[PDB]
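Undergrad: Have a look at this one before I ask anything.
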Amino acid sequence: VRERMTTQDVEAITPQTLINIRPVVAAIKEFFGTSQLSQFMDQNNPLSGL
DNA sequence: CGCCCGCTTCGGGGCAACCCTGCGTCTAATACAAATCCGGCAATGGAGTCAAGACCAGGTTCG
Ligand SMILES: C/C(=C\[C@H](C)CCCCC(=O)O)[C@@H]1O[C@@H]2C=C[C@@H]1OC(=O)\C=C/C=C\C=C\[C@H]1O[C@@H]3C[C@H]1O[C@@H](/C=C/C[C@H]1O[C@H](C[C@H](O)[C@H]1C)[C@@H](O)[C@@H](O)/C=C/CC/C=C/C2)[C@@H]3C
């Protein structure tokens, strides 16, 4: 946003144009898969999930 | 008696070898020439195929 605040022209831009959500959604998808703390639920008896 | 000056001794620095406190989207085409694929006839010419048809030789039948 701070980059394209300057390169864009004024009196034409909007928050729909300024905002790129793809690094945020890539950070979420890169956390939930392929991290240490996000593991498969160990279920072979209900004590193990707990 | 004091004094220089390199010899040894330790310090500090410097450096070489391993992990994560690591791990962004970008003008946009035109113009043209050469090379290459490929699609479709257009000569085949050699290689396979059918069929007749002849070739006797020795069992096989008949005299
Ligand atoms: C070594 C480790 C996790 C190991 C893979 C499993 C735990 C080892 C301890 C043990 O031997 O009991 C650390 O885990 C985390 C971050 C760093 C380390 O990961 C690491 O560095 C190693 C792997 C990190 C993420 C792996 C994700 C995916 O790999 C597959 C699918 C995803 O997860 C893995 C499965 C994990 C569940 C395990 O659960 C364990 C039993 C089995 O070993 C597994 C079913 C149970 O002990 C379970 O109750 C306990 C889990 C530990 C909780 C997380 C701690 C920190 C499966 C192999």
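Quick reminder, even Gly has a Cβ in these numbers, built from the backbone with ideal geometry, and neighbours come from all protein chains shown. We did not get these values from a lab; they are worked out from the coordinates using the rules stated.
Undergrad: Could you pull out the residue among A:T6, A:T34 that is at negative phi and polar (S, T, N, Q)?
TA: On the way: A:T34 fails: at negative phi.
After applying the criteria, what remains is A:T6.
Undergrad: Quick one: count up the residues across the stretch A:23-41 that are away from DNA strand B (no atom under 14 Å from the Cβ) and either surrounded by 10 or more Cβ atoms within 10 Å (Cβ to Cβ) or of a type in the set (A, V, I, L, M, F, W, C) (or both).
TA: Number of matching residues: 4.
Undergrad: Would you tally the residues in the stretch A:18-37 being more than 15 Å from the chain's Cα centre (by Cα) and without any contact (Cβ under 8 Å) to a residue 12 or more places away in the chain? Explain how you work it out, then say what you get.
TA: In the first step, residues of the stretch A:18-37 are kept if they are more than 15 Å from the chain's Cα centre (by Cα); the result is A:18, A:36-37.
This time we only want the ones that are without any contact (Cβ under 8 Å) to a residue 12 or more places away in the chain, so: A:36-37.
Selection size over the stretch A:18-37: 2.
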